[PDB]
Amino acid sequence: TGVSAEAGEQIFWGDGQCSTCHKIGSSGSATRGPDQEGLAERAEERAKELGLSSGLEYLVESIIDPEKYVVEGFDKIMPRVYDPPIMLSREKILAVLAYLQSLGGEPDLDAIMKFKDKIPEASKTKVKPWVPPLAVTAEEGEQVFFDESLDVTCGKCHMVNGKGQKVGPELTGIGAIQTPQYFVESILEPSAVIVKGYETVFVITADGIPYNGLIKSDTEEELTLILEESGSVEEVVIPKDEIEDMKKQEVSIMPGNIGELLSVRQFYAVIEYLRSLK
């Protein structure tokens, strides 16, 4: 579809998967990444701060090297879309760049095209295929995921296609977005990345009772937290009137000992399951 901003808009809201994480003002509802309304103008500001040549160069860097600069308030969750699974072609990334420049600015197609030699070609990805050291299947991993008899049951906290229970984020479709490496890190190092909105907060009530957990809901009169302990979850409803302090923290309520609770086989099975959630 070429390299125009109109083509980039279809890709951003389509095969580029950008809108599964990024909203744009009132269009879309995703929150894993920042709202991209006015991105073009704050790209100029980032480029100034980071000593880059132009806002566009910052936009390029944000795609080709998402880890190189991490927007305040977010963790290293953005994938390299020219790598699997997304495997976004080079012409499509050039189009997306044109769309990003349109978010509060004007696309500059000549200037975008000079960056073509910096955009990796998806077909030429260097990522090695994922081959687990054991034969496992996604179906086997689905069984593990929802197995209430185990010492950890992903389904107690995650929903997939209407099955499971909501504590952490819904995992439907994450296999089309994320890498096996991200699944490994998510399972064995759960606080390395905290999905936006699923932070733990420390609450102290006026009476001096502590509650530490994630926010399920937040009304004018009630704060409902989900607490975790030894793989179990429980809700507490805290009157807003009685809250003395509330501080966000960097621990995830996802258990930190899953490497002790899953076998090697179960672990690689679950990963095959996540990869399959397209």
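Numbering starts at 1 and follows the sequence shown.
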- prompt: Out of 154 to 162 and 185 to 193, which one has CA B-factors that are higher on average in the deposited record?
  reply: 154 to 162
- request: State which stretch shows the higher mean Cα B factor in the entry: 129 to 137 or 69 to 77.
  value: 129 to 137
message: Checking the record values for 205, 143, 200, 179, which has the greatest CA B factor?
response: 205
- line: Looking only at 61, 228, 35, 250, the Cα with the top B-factor belongs to 250
- prompt: Relative to the other modelled residues in the chain, which third contains the C-alpha temperature factor of residue 233: lowest, middle or highest?
  reply: lowest
field: Cα B factor band for residue 219 (lowest, middle or highest third within the chain)
entry: highest
query: What third of the chain, by the recorded C-alpha B-factor, contains residue 104?
result: highest
message: Could you place residue 170 in the lowest, middle or highest third of its chain by Cα temperature factor, using the values in the record?
response: lowest
- request: Going by the recorded CA B-factors, say which third of the chain residue 30 sits in, lowest, middle or highest.
  value: middle
